[PDB]
Amino acid sequence: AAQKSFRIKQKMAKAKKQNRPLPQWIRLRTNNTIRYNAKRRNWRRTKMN
Amino acid sequence: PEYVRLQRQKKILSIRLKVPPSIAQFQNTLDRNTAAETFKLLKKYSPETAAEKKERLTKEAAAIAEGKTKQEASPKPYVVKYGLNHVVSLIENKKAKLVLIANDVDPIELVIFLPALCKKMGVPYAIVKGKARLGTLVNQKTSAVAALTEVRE
Amino acid sequence: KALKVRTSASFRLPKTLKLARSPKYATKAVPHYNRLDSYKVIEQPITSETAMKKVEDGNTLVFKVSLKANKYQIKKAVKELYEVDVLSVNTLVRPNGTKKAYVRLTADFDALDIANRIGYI
Amino acid sequence: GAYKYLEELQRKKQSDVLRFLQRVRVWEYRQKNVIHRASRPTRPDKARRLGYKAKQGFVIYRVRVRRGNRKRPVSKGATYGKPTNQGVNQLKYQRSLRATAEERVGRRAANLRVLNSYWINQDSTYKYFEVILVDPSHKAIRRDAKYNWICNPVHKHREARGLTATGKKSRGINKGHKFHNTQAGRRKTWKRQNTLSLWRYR
Amino acid sequence: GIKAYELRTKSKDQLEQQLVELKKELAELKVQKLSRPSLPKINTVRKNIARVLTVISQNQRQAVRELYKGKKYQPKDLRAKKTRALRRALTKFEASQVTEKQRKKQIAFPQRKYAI
RNA sequence: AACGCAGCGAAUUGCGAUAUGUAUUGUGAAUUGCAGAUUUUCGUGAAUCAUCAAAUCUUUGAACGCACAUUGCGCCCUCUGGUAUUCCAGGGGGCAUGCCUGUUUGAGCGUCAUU
RNA sequence: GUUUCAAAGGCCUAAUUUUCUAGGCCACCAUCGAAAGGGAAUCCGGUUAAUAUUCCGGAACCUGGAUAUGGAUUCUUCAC
RNA sequence: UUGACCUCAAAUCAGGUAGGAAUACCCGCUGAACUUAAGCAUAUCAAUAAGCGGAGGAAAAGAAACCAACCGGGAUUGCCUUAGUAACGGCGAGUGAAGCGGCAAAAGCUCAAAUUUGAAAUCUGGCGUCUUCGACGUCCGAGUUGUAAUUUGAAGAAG
């Protein structure tokens, strides 16, 4: 909202980096049952704070 | 301050109310001229300073090793008696000759009954100003009571 | 006897001899080394395609700077490491949460010549 | 034997000498604060019979507490229940005013440990008590074997749990046929005899 | 790369030069990291920075102990940690310190041995 | 509790600008999805190993200089810069509250002796 | 409850020219509360795929530090 | 004019100490109603849930101001019995112990109140030195309005 605080901007900085798809080289690991990232966020669908 | 207003009003509150005869007798204190002669006497027969006790114990250790003599060595001390529980026992057995009681003990209950005890046994006693001044002759801050028993001829 | 004369009707706290510290043992034992060093403040040189355009034209080199870094400290850090006299400093915090410091040098030192020395261009 | 004279003199409370001293002392304690530090014991005979010793470690504290009953704190006397529990004004507190006095000084002086309390004086609005304390961290109390036991970790807040002289009276812990429902423990005894004990072979 | 046992014998000034030289290598490799896909050389050099800082901190803390040895009262970090409850509780000198009346009681009538 | 750290990780698992760890001890050659070394491979030594007694430990929190929808605003000692006991910045060390034991300055015709 | 039936302090000049000591005056009192109230001082032209009263060019202004040149003032003086 | 004493203060004085967490069990305070009585008000659920304070590996209790009426037992704690009994209760519904007896385990003790009075004999801190959970020596302070030794009712003290 333009005039925002530093404590708020620090949380939104995380939300940028965490929101990204599953890297491919992890899927070739031994045992590994993971396929796609469950914890994923879109701005229209779900909100943060 | 509040502590100054307390002690000044505590002086007044005791005076305005009718005090009983048992508390009232401590106002009858020893006068200035007679008192000075008493403490001139009692500064003789005063106890040992800490250095003079160390002087005596070195003389004790010398004579015991080479001589072997206790009970007569380092003569017999003539000294003033002090401490409340210590002094009360001497008055109870008719041993004390003179007694000096303080006028400003914190609870009066401690020292109020001593005038009645000395009456029954027929012991000379005298209330005197300054619990501090009884302390000065006995290497103490405050003494409360100070009595005599033994004295030179 | 003979009271202390006093004009005022108030009574205040008389100031007393306030004594200083003089301890028998140190609480810390070992004094800690420099928290923020010259190398720790300025971390990386930024090599985006926009930054190359500023180095040639504007006479300004750009850095990725650590958080907890004043414009006094960044001016001292660049002066010590690369041996250059700095003109001005401008700083911003990126959206990802990392500080960026635009640094403009004086007319004596060329930004392009020092750029090829450090590594990138 | 000076203390024995005070032991007998204190009992004669309605005398001329003591009713004077009682009224002079009770005024002084009102002007001072609710909880405040006392320099020496007011009753020197009474203190040493409860384990007081004049040396570095032992401490005395005066304290004032309100008289009368406890009131039920519900607003406007609205209990919300059956007629049995509608009482408000005539209900009473289960611990004594000694225990209330002993606990308040414990919260102020947390580092100290409570040993005992004794009655000084009273009026219509208040009662007065003098709680004696012991410092466990001080090295005189730690080394000397007579007063070492108090320094142990099991004696942390004796006043709160009710392990003092007044506490064990209020709990009702005495040997006798009169004391069955509370003796070992009131809730402990209830928890024992309201329980179904079953073995492997019935 | 660097061994820890080699850094024990060195003086105070030698470790200070060693540390400054390692930081310059770390700075130069971070420039290479953005002009190259992969670079596992960066891992080994920053382990060596941690090795030197560990050796310097030991020599200082040893020197503080060396002067404080003998006397009462030392820094709280250098004292015995253990735990809170044991540290406040009584020592082995204390508790065992029993009164004078039960010294004479223990000597006179101790627990004697017997059979049958 | 927040925010960070892997050659390529978003989560989980570990750790704190010495950041998937450092030193110390034991075992004796791995780790492995793909790289890359290091040759350390008859060794004072591989390892996401076991072990664990020396250290590091961001910002917080009982949370402690005063505040805290603020990365807000001060004060003291100390070394280095800009001409500097007083102004500006930088590196380091400190300043909460109640209660106890002692130390040093004190307040009160509360009260004692001496000029 | 927030100035009370509290012993509630922080502001200036020398002394001393070790930089630590002396002068003094004055006194019912924390701290948070407004990105529309109060409030020290910046404008024009240019430039980016996406930023600007914040970068570049050119012209100003305030607050806090230091300080010396010119001018003014001075035989009765702090201007006519 | 100078120095004491008693009460009360101040300091970023020297050195210490208290808070929060977890809460199965343990020690206290506080305290309901649904329900049962075929209704409902004493009663019952219950001296219980929720709420508040405080501990430890255990806690509490404990060396008789006891139980008995026998040819008398002998600190506390728990298990088997006593007993669904003696009592309580709109004597309705319902509630309800303890002594002896047999076992598991057993351990006893300390202050105050007397004068060392031919010697405050006692203790904290400071400074120094050692074999450093301490010991020895020395200097102020605490304290005679009572710190050591001596004695605790089973006794015990002075000759």
# chains A, B, ... in the order shown; residues from 1 in each chain; ligands from 1
>>> residues_around(residues="range 76-78 of chain C", least_positions_apart="6", cutoff="10 Å", atoms="only C-alpha atoms (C1' of nucleotides)", output="list in words")
residues 37, 38, 39, 40, 41, 42, 63, 70, 84, 85, 86 and 103 of chain C; 90 of chain F
>>> write_last_selection(atoms="C-alpha atoms (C1' of nucleotides)", output="PDB file, in the first residue's frame")
ATOM      1  CA  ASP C  37      34.363  -5.432   8.667  1.00  0.00           C
ATOM      2  CA  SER C  38      35.420  -3.868   5.335  1.00  0.00           C
ATOM      3  CA  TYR C  39      34.877  -7.155   3.443  1.00  0.00           C
ATOM      4  CA  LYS C  40      31.550  -7.975   5.176  1.00  0.00           C
ATOM      5  CA  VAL C  41      29.807  -4.679   4.226  1.00  0.00           C
ATOM      6  CA  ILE C  42      30.364  -4.868   0.439  1.00  0.00           C
ATOM      7  CA  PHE C  63      27.350  -3.278  -5.496  1.00  0.00           C
ATOM      8  CA  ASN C  70      25.090   3.083   6.548  1.00  0.00           C
ATOM      9  CA  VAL C  84      39.277   5.268  -4.836  1.00  0.00           C
ATOM     10  CA  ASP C  85      37.891   8.678  -3.786  1.00  0.00           C
ATOM     11  CA  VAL C  86      34.069   8.458  -3.725  1.00  0.00           C
ATOM     12  CA  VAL C 103      28.229   4.642  -5.864  1.00  0.00           C
TER      13      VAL C 103
ATOM     14  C1'   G F  90      33.639   4.861  12.898  1.00  0.00           C
TER      15        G F  90
END
>>> residues_around(residues="residue 31 in chain F", least_positions_apart="4", cutoff="10 Å", atoms="only C-alpha atoms (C1' of nucleotides)", output="list in words")
residues 46, 47 and 48 of chain F
>>> residues_around(residues="residue 7 in chain E", least_positions_apart="3", cutoff="8 Å", atoms="only C-alpha atoms (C1' of nucleotides)", output="PyMOL selection string")
chain E and resi 3-4+10+15+52+55
>>> write_last_selection(atoms="N, CA, C and O atoms", output="CSV table (one decimal), in the first residue's frame")
chain,number,residue,atom,x,y,z
E,3,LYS,N,45.3,-27.4,7.5
E,3,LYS,CA,45.2,-28.3,8.7
E,3,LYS,C,45.2,-27.4,10.0
E,3,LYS,O,45.8,-26.4,10.0
E,4,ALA,N,44.4,-27.9,11.0
E,4,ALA,CA,44.3,-27.2,12.2
E,4,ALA,C,45.5,-27.2,13.1
E,4,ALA,O,45.9,-26.2,13.8
E,10,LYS,N,51.8,-21.0,15.4
E,10,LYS,CA,52.1,-19.7,14.9
E,10,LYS,C,51.9,-18.6,15.9
E,10,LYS,O,51.2,-18.8,17.0
E,15,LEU,N,48.7,-15.2,12.1
E,15,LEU,CA,47.3,-15.6,11.9
E,15,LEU,C,46.4,-14.4,11.3
E,15,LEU,O,45.4,-14.6,10.6
E,52,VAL,N,40.6,-20.6,11.1
E,52,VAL,CA,41.6,-19.6,11.7
E,52,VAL,C,40.9,-18.8,12.8
E,52,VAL,O,41.6,-18.6,13.8
E,55,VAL,N,41.1,-20.9,16.0
E,55,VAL,CA,42.4,-21.0,16.6
E,55,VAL,C,42.7,-19.7,17.4
E,55,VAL,O,43.4,-19.7,18.4
>>> closest_atom_pairs(of="chain C", to="chain H", cutoff="12 Å", atoms="only C-alpha atoms (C1' of nucleotides)", output="tab-separated table")
residue	atom	partner	partner_atom	distance
C:1	CA	H:1	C1'	11.6
C:13	CA	H:10	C1'	8.8
C:14	CA	H:10	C1'	8.8
C:15	CA	H:10	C1'	7.9
C:16	CA	H:10	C1'	6.8
C:17	CA	H:11	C1'	7.6
C:18	CA	H:11	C1'	4.8
C:19	CA	H:13	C1'	5.6
C:20	CA	H:13	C1'	6.8
C:21	CA	H:13	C1'	6.9
C:22	CA	H:14	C1'	8.5
C:23	CA	H:14	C1'	7.6
C:24	CA	H:14	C1'	8.1
C:25	CA	H:15	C1'	11.0
>>> interface_residues(of="chain G", to="chain C", cutoff="12 Å", atoms="only C-alpha atoms (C1' of nucleotides)", output="PDB file with C-alpha atoms (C1' of nucleotides), in the first residue's frame")
ATOM      1  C1'   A G   6       7.009  10.789  48.230  1.00  0.00           C
ATOM      2  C1'   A G   7      13.661  13.199  50.814  1.00  0.00           C
ATOM      3  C1'   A G   8      10.808  12.373  43.256  1.00  0.00           C
ATOM      4  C1'   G G   9      16.134  17.131  39.390  1.00  0.00           C
ATOM      5  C1'   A G  27      11.989  24.290  40.620  1.00  0.00           C
ATOM      6  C1'   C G  28       3.764  19.755  41.762  1.00  0.00           C
ATOM      7  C1'   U G  47      16.917  10.393 -19.883  1.00  0.00           C
ATOM      8  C1'   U G  48      14.437   4.250 -19.146  1.00  0.00           C
ATOM      9  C1'   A G  49      11.438  -2.071 -21.923  1.00  0.00           C
ATOM     10  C1'   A G  50       9.890  -0.702 -16.536  1.00  0.00           C
ATOM     11  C1'   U G  51      12.285   4.709 -11.761  1.00  0.00           C
ATOM     12  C1'   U G  54      15.039  10.905  -5.535  1.00  0.00           C
ATOM     13  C1'   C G  55      19.831   9.638 -11.253  1.00  0.00           C
ATOM     14  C1'   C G  56      22.311  13.453 -15.183  1.00  0.00           C
TER      15        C G  56
END
>>> select_by_dssp(residues="range 31-104 of chain E", states="alpha helix (DSSP H)", output="number ranges by chain")
E: 31-34, 41-68, 84-88, 101-104
>>> write_last_selection(atoms="N, CA and C atoms", output="compact mmCIF listing (two decimals), in the first residue's frame")
# COMPACT_ATOMS: atom_id res chain seq x y z
N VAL E 31 32.91 -13.25 -7.58
CA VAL E 31 32.85 -12.63 -8.91
C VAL E 31 32.83 -13.71 -9.99
N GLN E 32 33.62 -14.77 -9.80
CA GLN E 32 33.60 -15.94 -10.70
C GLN E 32 32.28 -16.72 -10.67
N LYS E 33 31.60 -16.71 -9.52
CA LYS E 33 30.34 -17.45 -9.34
C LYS E 33 29.18 -16.94 -10.20
N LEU E 34 29.17 -15.64 -10.50
CA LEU E 34 28.14 -15.03 -11.36
C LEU E 34 28.49 -15.05 -12.86
N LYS E 41 34.71 -24.71 -5.59
CA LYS E 41 35.91 -24.17 -4.93
C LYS E 41 35.59 -23.19 -3.78
N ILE E 42 34.48 -22.47 -3.91
CA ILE E 42 34.04 -21.49 -2.90
C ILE E 42 33.76 -22.10 -1.52
N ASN E 43 33.35 -23.37 -1.49
CA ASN E 43 33.08 -24.09 -0.23
C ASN E 43 34.34 -24.26 0.63
N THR E 44 35.42 -24.73 0.01
CA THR E 44 36.66 -25.06 0.72
C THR E 44 37.35 -23.84 1.36
N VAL E 45 37.34 -22.71 0.66
CA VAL E 45 38.00 -21.48 1.14
C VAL E 45 37.32 -20.85 2.37
N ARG E 46 35.99 -20.91 2.45
CA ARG E 46 35.25 -20.35 3.59
C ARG E 46 35.19 -21.29 4.81
N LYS E 47 35.54 -22.57 4.63
CA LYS E 47 35.81 -23.47 5.75
C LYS E 47 37.12 -23.08 6.44
N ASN E 48 38.12 -22.70 5.64
CA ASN E 48 39.44 -22.28 6.16
C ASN E 48 39.40 -20.98 6.96
N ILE E 49 38.44 -20.10 6.64
CA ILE E 49 38.22 -18.86 7.40
C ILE E 49 37.70 -19.19 8.81
N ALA E 50 36.79 -20.17 8.89
CA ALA E 50 36.27 -20.66 10.17
C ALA E 50 37.33 -21.36 11.02
N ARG E 51 38.27 -22.06 10.37
CA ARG E 51 39.38 -22.73 11.06
C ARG E 51 40.33 -21.75 11.77
N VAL E 52 40.63 -20.63 11.11
CA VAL E 52 41.56 -19.62 11.65
C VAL E 52 40.92 -18.85 12.82
N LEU E 53 39.64 -18.49 12.68
CA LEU E 53 38.89 -17.81 13.75
C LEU E 53 38.76 -18.66 15.02
N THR E 54 38.66 -19.98 14.86
CA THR E 54 38.62 -20.92 15.99
C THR E 54 39.95 -20.96 16.75
N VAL E 55 41.06 -20.92 16.02
CA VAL E 55 42.41 -20.97 16.61
C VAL E 55 42.75 -19.68 17.37
N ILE E 56 42.32 -18.53 16.83
CA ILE E 56 42.56 -17.22 17.46
C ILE E 56 41.78 -17.08 18.77
N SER E 57 40.51 -17.49 18.76
CA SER E 57 39.64 -17.41 19.94
C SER E 57 40.10 -18.29 21.11
N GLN E 58 40.71 -19.44 20.80
CA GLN E 58 41.27 -20.33 21.83
C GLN E 58 42.47 -19.71 22.56
N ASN E 59 43.37 -19.07 21.81
CA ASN E 59 44.57 -18.45 22.37
C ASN E 59 44.26 -17.27 23.29
N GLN E 60 43.23 -16.49 22.95
CA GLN E 60 42.79 -15.37 23.79
C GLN E 60 42.12 -15.84 25.08
N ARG E 61 41.20 -16.80 24.97
CA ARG E 61 40.50 -17.36 26.13
C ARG E 61 41.43 -18.14 27.07
N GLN E 62 42.45 -18.79 26.52
CA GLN E 62 43.52 -19.40 27.32
C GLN E 62 44.32 -18.36 28.09
N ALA E 63 44.64 -17.24 27.43
CA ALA E 63 45.39 -16.14 28.05
C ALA E 63 44.64 -15.46 29.20
N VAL E 64 43.31 -15.42 29.11
CA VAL E 64 42.46 -14.88 30.18
C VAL E 64 42.46 -15.82 31.39
N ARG E 65 42.38 -17.13 31.13
CA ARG E 65 42.49 -18.14 32.20
C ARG E 65 43.86 -18.11 32.89
N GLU E 66 44.93 -17.99 32.09
CA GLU E 66 46.31 -17.98 32.60
C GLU E 66 46.59 -16.92 33.68
N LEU E 67 46.01 -15.73 33.53
CA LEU E 67 46.17 -14.65 34.52
C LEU E 67 45.18 -14.77 35.68
N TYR E 68 43.94 -15.17 35.40
CA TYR E 68 42.90 -15.34 36.44
C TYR E 68 43.06 -16.59 37.33
N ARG E 84 21.40 -25.05 36.34
CA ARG E 84 20.94 -24.05 37.31
C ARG E 84 20.75 -24.64 38.71
N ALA E 85 20.05 -25.77 38.79
CA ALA E 85 19.68 -26.39 40.07
C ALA E 85 20.87 -26.87 40.91
N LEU E 86 21.84 -27.50 40.26
CA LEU E 86 23.06 -27.99 40.93
C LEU E 86 23.96 -26.84 41.40
N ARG E 87 23.97 -25.75 40.63
CA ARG E 87 24.81 -24.59 40.91
C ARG E 87 24.37 -23.80 42.15
N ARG E 88 23.06 -23.73 42.39
CA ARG E 88 22.52 -23.05 43.59
C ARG E 88 22.56 -23.94 44.83
N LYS E 101 27.84 -31.42 68.38
CA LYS E 101 27.20 -32.40 69.28
C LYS E 101 27.15 -33.81 68.68
N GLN E 102 26.86 -33.91 67.38
CA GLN E 102 26.82 -35.20 66.68
C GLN E 102 28.17 -35.65 66.08
N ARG E 103 29.23 -34.87 66.30
CA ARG E 103 30.60 -35.34 66.07
C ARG E 103 30.99 -36.32 67.17
N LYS E 104 30.75 -35.92 68.42
CA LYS E 104 31.00 -36.77 69.59
C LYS E 104 30.06 -37.97 69.67
>>> interface_residues(of="chain F", to="chain D", cutoff="9 Å", atoms="only C-alpha atoms (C1' of nucleotides)", output="ChimeraX atom specification")
/F:98-101
>>> residues_around(residues="residue 7 in chain D", least_positions_apart="2", cutoff="12 Å", atoms="only C-alpha atoms (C1' of nucleotides)", output="PDB file with N, CA, C and O atoms (P, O5', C5', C4', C3', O3' and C1' of nucleotides), in the first residue's frame")
ATOM      1  N   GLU B 109       9.791  -2.615  78.085  1.00  0.00           N
ATOM      2  CA  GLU B 109       9.571  -3.969  78.635  1.00  0.00           C
ATOM      3  C   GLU B 109      10.847  -4.727  79.036  1.00  0.00           C
ATOM      4  O   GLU B 109      10.833  -5.479  80.014  1.00  0.00           O
ATOM      5  N   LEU B 110      11.927  -4.545  78.271  1.00  0.00           N
ATOM      6  CA  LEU B 110      13.231  -5.164  78.576  1.00  0.00           C
ATOM      7  C   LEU B 110      13.777  -4.808  79.964  1.00  0.00           C
ATOM      8  O   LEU B 110      14.175  -5.697  80.720  1.00  0.00           O
TER       9      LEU B 110
ATOM     10  N   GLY D   1      18.938 -14.311  83.551  1.00  0.00           N
ATOM     11  CA  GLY D   1      17.623 -14.867  83.118  1.00  0.00           C
ATOM     12  C   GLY D   1      16.596 -13.779  82.879  1.00  0.00           C
ATOM     13  O   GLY D   1      15.509 -13.804  83.458  1.00  0.00           O
ATOM     14  N   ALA D   2      16.949 -12.830  82.014  1.00  0.00           N
ATOM     15  CA  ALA D   2      16.114 -11.654  81.742  1.00  0.00           C
ATOM     16  C   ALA D   2      14.875 -11.967  80.899  1.00  0.00           C
ATOM     17  O   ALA D   2      13.819 -11.369  81.113  1.00  0.00           O
ATOM     18  N   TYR D   3      15.007 -12.894  79.949  1.00  0.00           N
ATOM     19  CA  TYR D   3      13.915 -13.227  79.020  1.00  0.00           C
ATOM     20  C   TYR D   3      12.695 -13.872  79.691  1.00  0.00           C
ATOM     21  O   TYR D   3      11.572 -13.707  79.210  1.00  0.00           O
ATOM     22  N   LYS D   4      12.918 -14.603  80.785  1.00  0.00           N
ATOM     23  CA  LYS D   4      11.829 -15.253  81.529  1.00  0.00           C
ATOM     24  C   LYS D   4      10.901 -14.248  82.228  1.00  0.00           C
ATOM     25  O   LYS D   4       9.708 -14.520  82.386  1.00  0.00           O
ATOM     26  N   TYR D   5      11.446 -13.103  82.643  1.00  0.00           N
ATOM     27  CA  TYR D   5      10.634 -12.008  83.194  1.00  0.00           C
ATOM     28  C   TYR D   5       9.698 -11.411  82.137  1.00  0.00           C
ATOM     29  O   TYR D   5       8.541 -11.109  82.434  1.00  0.00           O
ATOM     30  N   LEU D   9       5.566 -11.176  81.880  1.00  0.00           N
ATOM     31  CA  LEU D   9       5.052  -9.798  81.796  1.00  0.00           C
ATOM     32  C   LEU D   9       4.141  -9.582  80.579  1.00  0.00           C
ATOM     33  O   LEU D   9       3.166  -8.831  80.661  1.00  0.00           O
ATOM     34  N   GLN D  10       4.457 -10.246  79.465  1.00  0.00           N
ATOM     35  CA  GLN D  10       3.664 -10.141  78.227  1.00  0.00           C
ATOM     36  C   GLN D  10       2.231 -10.678  78.377  1.00  0.00           C
ATOM     37  O   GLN D  10       1.316 -10.194  77.705  1.00  0.00           O
ATOM     38  N   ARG D  11       2.048 -11.668  79.251  1.00  0.00           N
ATOM     39  CA  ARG D  11       0.732 -12.282  79.486  1.00  0.00           C
ATOM     40  C   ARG D  11      -0.270 -11.340  80.168  1.00  0.00           C
ATOM     41  O   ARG D  11      -1.469 -11.414  79.894  1.00  0.00           O
ATOM     42  N   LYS D  12       0.223 -10.461  81.044  1.00  0.00           N
ATOM     43  CA  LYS D  12      -0.626  -9.486  81.742  1.00  0.00           C
ATOM     44  C   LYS D  12      -0.973  -8.325  80.800  1.00  0.00           C
ATOM     45  O   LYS D  12      -0.407  -7.232  80.901  1.00  0.00           O
ATOM     46  N   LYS D  13      -1.916  -8.575  79.891  1.00  0.00           N
ATOM     47  CA  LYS D  13      -2.246  -7.631  78.814  1.00  0.00           C
ATOM     48  C   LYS D  13      -3.181  -6.494  79.233  1.00  0.00           C
ATOM     49  O   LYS D  13      -3.037  -5.371  78.741  1.00  0.00           O
ATOM     50  N   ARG D  43       9.358  -7.861  70.159  1.00  0.00           N
ATOM     51  CA  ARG D  43       9.329  -8.849  71.235  1.00  0.00           C
ATOM     52  C   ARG D  43      10.568  -9.753  71.115  1.00  0.00           C
ATOM     53  O   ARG D  43      10.555 -10.713  70.339  1.00  0.00           O
ATOM     54  N   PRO D  44      11.649  -9.443  71.867  1.00  0.00           N
ATOM     55  CA  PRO D  44      12.886 -10.233  71.750  1.00  0.00           C
ATOM     56  C   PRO D  44      12.797 -11.646  72.344  1.00  0.00           C
ATOM     57  O   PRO D  44      13.467 -12.555  71.850  1.00  0.00           O
ATOM     58  N   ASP D  45      11.992 -11.815  73.394  1.00  0.00           N
ATOM     59  CA  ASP D  45      11.751 -13.130  74.001  1.00  0.00           C
ATOM     60  C   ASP D  45      10.973 -14.062  73.064  1.00  0.00           C
ATOM     61  O   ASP D  45      11.325 -15.235  72.920  1.00  0.00           O
ATOM     62  N   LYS D  46       9.917 -13.532  72.444  1.00  0.00           N
ATOM     63  CA  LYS D  46       9.057 -14.312  71.546  1.00  0.00           C
ATOM     64  C   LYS D  46       9.766 -14.752  70.260  1.00  0.00           C
ATOM     65  O   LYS D  46       9.493 -15.839  69.749  1.00  0.00           O
ATOM     66  N   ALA D  47      10.661 -13.908  69.744  1.00  0.00           N
ATOM     67  CA  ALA D  47      11.358 -14.179  68.482  1.00  0.00           C
ATOM     68  C   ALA D  47      12.284 -15.392  68.564  1.00  0.00           C
ATOM     69  O   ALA D  47      12.216 -16.283  67.711  1.00  0.00           O
ATOM     70  N   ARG D  48      13.141 -15.421  69.584  1.00  0.00           N
ATOM     71  CA  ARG D  48      14.135 -16.498  69.741  1.00  0.00           C
ATOM     72  C   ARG D  48      13.547 -17.871  70.110  1.00  0.00           C
ATOM     73  O   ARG D  48      14.218 -18.890  69.928  1.00  0.00           O
ATOM     74  N   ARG D  49      12.315 -17.900  70.623  1.00  0.00           N
ATOM     75  CA  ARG D  49      11.587 -19.165  70.831  1.00  0.00           C
ATOM     76  C   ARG D  49      11.075 -19.793  69.522  1.00  0.00           C
ATOM     77  O   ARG D  49      10.779 -20.990  69.493  1.00  0.00           O
TER      78      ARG D  49
ATOM     79  P     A H 112      19.162 -22.838  72.273  1.00  0.00           P
ATOM     80  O5'   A H 112      17.730 -22.294  72.708  1.00  0.00           O
ATOM     81  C5'   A H 112      17.153 -21.128  72.087  1.00  0.00           C
ATOM     82  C4'   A H 112      15.855 -20.755  72.764  1.00  0.00           C
ATOM     83  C3'   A H 112      15.928 -20.512  74.267  1.00  0.00           C
ATOM     84  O3'   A H 112      16.370 -19.183  74.535  1.00  0.00           O
ATOM     85  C1'   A H 112      13.953 -21.739  73.676  1.00  0.00           C
ATOM     86  P     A H 113      17.204 -18.857  75.865  1.00  0.00           P
ATOM     87  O5'   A H 113      16.218 -19.314  77.030  1.00  0.00           O
ATOM     88  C5'   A H 113      15.242 -18.413  77.587  1.00  0.00           C
ATOM     89  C4'   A H 113      14.337 -19.144  78.553  1.00  0.00           C
ATOM     90  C3'   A H 113      14.994 -19.676  79.823  1.00  0.00           C
ATOM     91  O3'   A H 113      15.166 -18.663  80.813  1.00  0.00           O
ATOM     92  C1'   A H 113      13.623 -21.357  78.884  1.00  0.00           C
TER      93        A H 113
END
>>> select_by_dssp(residues="range 61-107 of chain B", states="strand (DSSP E or B)", output="PyMOL selection string")
chain B and resi 81-82+98-102
>>> write_last_selection(atoms="N, CA, C and O atoms", output="mmCIF file, in the first residue's frame")
data_model
loop_
_atom_site.group_PDB
_atom_site.id
_atom_site.type_symbol
_atom_site.label_atom_id
_atom_site.label_comp_id
_atom_site.auth_asym_id
_atom_site.auth_seq_id
_atom_site.Cartn_x
_atom_site.Cartn_y
_atom_site.Cartn_z
ATOM 1 N N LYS B 81 30.827 -5.479 85.312
ATOM 2 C CA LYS B 81 29.944 -6.499 84.743
ATOM 3 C C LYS B 81 28.926 -5.852 83.804
ATOM 4 O O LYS B 81 28.385 -4.789 84.115
ATOM 5 N N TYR B 82 28.674 -6.496 82.663
ATOM 6 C CA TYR B 82 27.734 -5.985 81.654
ATOM 7 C C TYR B 82 27.018 -7.115 80.906
ATOM 8 O O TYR B 82 27.408 -8.281 81.001
ATOM 9 N N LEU B 98 26.728 -2.079 93.054
ATOM 10 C CA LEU B 98 26.176 -0.931 92.327
ATOM 11 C C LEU B 98 25.607 -1.384 90.983
ATOM 12 O O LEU B 98 26.120 -2.326 90.376
ATOM 13 N N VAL B 99 24.542 -0.714 90.537
ATOM 14 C CA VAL B 99 23.906 -0.979 89.238
ATOM 15 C C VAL B 99 23.587 0.352 88.552
ATOM 16 O O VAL B 99 23.197 1.316 89.216
ATOM 17 N N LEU B 100 23.751 0.391 87.227
ATOM 18 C CA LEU B 100 23.450 1.579 86.419
ATOM 19 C C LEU B 100 22.576 1.204 85.223
ATOM 20 O O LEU B 100 23.020 0.474 84.338
ATOM 21 N N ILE B 101 21.344 1.720 85.205
ATOM 22 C CA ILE B 101 20.341 1.383 84.188
ATOM 23 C C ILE B 101 20.155 2.557 83.217
ATOM 24 O O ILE B 101 20.177 3.719 83.630
ATOM 25 N N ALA B 102 19.968 2.243 81.934
ATOM 26 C CA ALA B 102 19.749 3.256 80.892
ATOM 27 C C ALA B 102 18.292 3.718 80.862
ATOM 28 O O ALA B 102 17.390 2.972 81.250
#
>>> residues_around(residues="residue 88 in chain B", least_positions_apart="6", cutoff="10 Å", atoms="only C-alpha atoms (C1' of nucleotides)", output="PyMOL selection string")
(chain B and resi 82+96+114+117-118+145+147) or (chain D and resi 1-2) or (chain H and resi 115)
>>> interface_residues(of="chain F", to="chain E", cutoff="12 Å", atoms="only C-alpha atoms (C1' of nucleotides)", output="PyMOL selection string")
chain F and resi 6-8+17-19+21-24+34-40+44-45+53-56
>>> residues_around(residues="residue 100 in chain E", least_positions_apart="6", cutoff="12 Å", atoms="only C-alpha atoms (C1' of nucleotides)", output="list in words")
residues 144, 145 and 146 of chain D; 106 and 107 of chain E; 148, 149 and 150 of chain H
>>> residues_around(residues="range 77-90 of chain D", least_positions_apart="6", cutoff="8 Å", atoms="only C-alpha atoms (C1' of nucleotides)", output="list in words")
residues 69, 70 and 71 of chain D; 33 and 41 of chain H
